[PDB]
Novice: 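Handing you this structure, nothing more for now.
All values below were derived from every heavy atom in this structure, side-chain atoms included, with hydrogens, water molecules and symmetry-related copies excluded. Start at 1 and go down the list; that is how both ligands and their atoms are numbered. Numbers for residues simply follow the sequence, beginning at 1.
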Amino acid sequence: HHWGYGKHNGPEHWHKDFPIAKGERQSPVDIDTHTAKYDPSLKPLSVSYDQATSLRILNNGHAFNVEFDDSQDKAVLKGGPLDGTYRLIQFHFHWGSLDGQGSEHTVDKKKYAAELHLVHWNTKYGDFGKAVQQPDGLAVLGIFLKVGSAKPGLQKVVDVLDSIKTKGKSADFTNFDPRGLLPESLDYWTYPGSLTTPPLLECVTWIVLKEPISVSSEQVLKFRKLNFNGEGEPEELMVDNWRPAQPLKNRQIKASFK
Ligand SMILES: CCOc1ccc(CC(=O)O)cc1
Ligand SMILES: CCOc1ccc(CC(=O)O)cc1
Ligand SMILES: [Cl-]
Ligand SMILES: [Zn+2]
């Protein structure tokens, strides 16, 4: 598989290797704020990241990923639409070549500069690989980034990117606190969807925060200096690593807020 984000191997092509690309619960989607309905049944969202244990940051040729120790319930997402306990395994971002694009979800067709995905797996399935085979296997917390003031809790990430410029590079990334990436409010939209990259599995409860975080132009500029390629390969800048909005089909997006 040689999927990517170019003309020749990008989202329009994915369906030939991964036919679920044209499925019934693909992600991302546009969130129409005048169609989403407040759901009083939603319980409060619980983000419990006090004991989060980060390990390493990796360039995988698609994004940069920060991985966590998920051998115990150290950092978990519960509540909201979720039943049971979802364990944080990793986070990554999607971003644009310019500030006017980069997010995967859109809000009334508005694209943000970037989008953060905090990836959690349902502990009743025992490991990530089993969880992605189930319709309720993952919970992904999605956070929009807009360009404005710098986000101090992102700067440690930005500071290491020079050490993982190319595909297959990794660095130690211990003692990072992902609480510094959250906005003040946990107001959210939720809907059932998919992984936004191959294999595009329909295993995700999406929880997309309404309040974006602000990052500085300097911070997102540094994301854009990464490379999709490996060392010694022709340089391709790691930009526009987002999939566009997919058909909502027979789904409803629920709001946690009036
Ligand atoms: C595609 C499978 O990827 C996997 C990633 C991690 C695990 C183990 C864990 O849950 O941390 C199992 C499978
Ligand atoms: C353990 C890795 O977890 C992941 C989950 C979803 C994606 C797809 C995306 O949102 O880019 C990538 C990685
Ligand atoms: Cl912020
Ligand atoms: Zn993602």
Novice: Around ligand 1, what residues show up once you keep those with a heavy atom under 4.0 Å from it?
Specialist: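 Residues near ligand 1: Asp70, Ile89, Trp121, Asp127, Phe128, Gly129.
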
Novice: Apply the hydrophobic cluster definition, ILVMFWY joined by side-chain contacts under 4.5 Å directly or through others, and give me every member besides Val76.
Specialist: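 Taking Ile, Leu, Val, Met, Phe, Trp and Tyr as members, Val76 stands alone, with no cluster partners.
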
Novice: Could you give the distance from CD1 (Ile164) to CG (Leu226), rounded to the nearest 0.5 Å?
Specialist: 6.0 Å

Novice: Is any NZ, NE, NH1 or NH2 atom of the basic residue among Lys258 and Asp39 found under 4.0 Å from an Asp or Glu carboxylate oxygen of the other?
Specialist: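 Looking at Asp39 together with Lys258, the answer is no, because their closest N to O distance does not fall below 4.0 Å.
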
Novice: Check the surroundings of atom CG in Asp108: do more than 12 heavy atoms from other residues, nucleotides or ligands lie under 6.0 Å from it?
Specialist: yes

Novice: For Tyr191, which fellow cluster members are found when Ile, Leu, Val, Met, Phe, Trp and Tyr are connected by side-chain heavy-atom distances below 4.5 angstrom, either directly or through intermediates?
Specialist: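 So far as hydrophobic clustering goes, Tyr191 is joined with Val29, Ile31, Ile89, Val107, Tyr112, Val119, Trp121, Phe128, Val132, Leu138, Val140, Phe144, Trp189, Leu195, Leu201, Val204, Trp206, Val208, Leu248, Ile253, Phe257.
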
Novice: Give the minimum heavy-atom separation between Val239 and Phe228, together with the two atoms involved.
Specialist: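 Closest approach of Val239 to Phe228, heavy atoms only: O-CZ, 3.5 Å.
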
Novice: Return the set of protein N, O or S atoms whose distance to the Zn ion (ligand 4) is under 2.8 Å, each given as residue and atom.
Specialist: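 Result, waters dropped: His92 NE2, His94 NE2, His117 ND1.
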
Novice: Do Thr196 and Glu104 meet the criterion of a side-chain donor-acceptor pair at a distance under 3.5 Å?
Specialist: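 Yes.
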
Novice: Within a radius of less than 6.0 Å around NZ of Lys78, do more than 12 heavy atoms belonging to other residues, nucleotides or ligands occur?
Specialist: no

Novice: Would you say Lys167 has more than 12 foreign heavy atoms packed within less than 6.0 Å of its NZ?
Specialist: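 12 or below, so no.
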
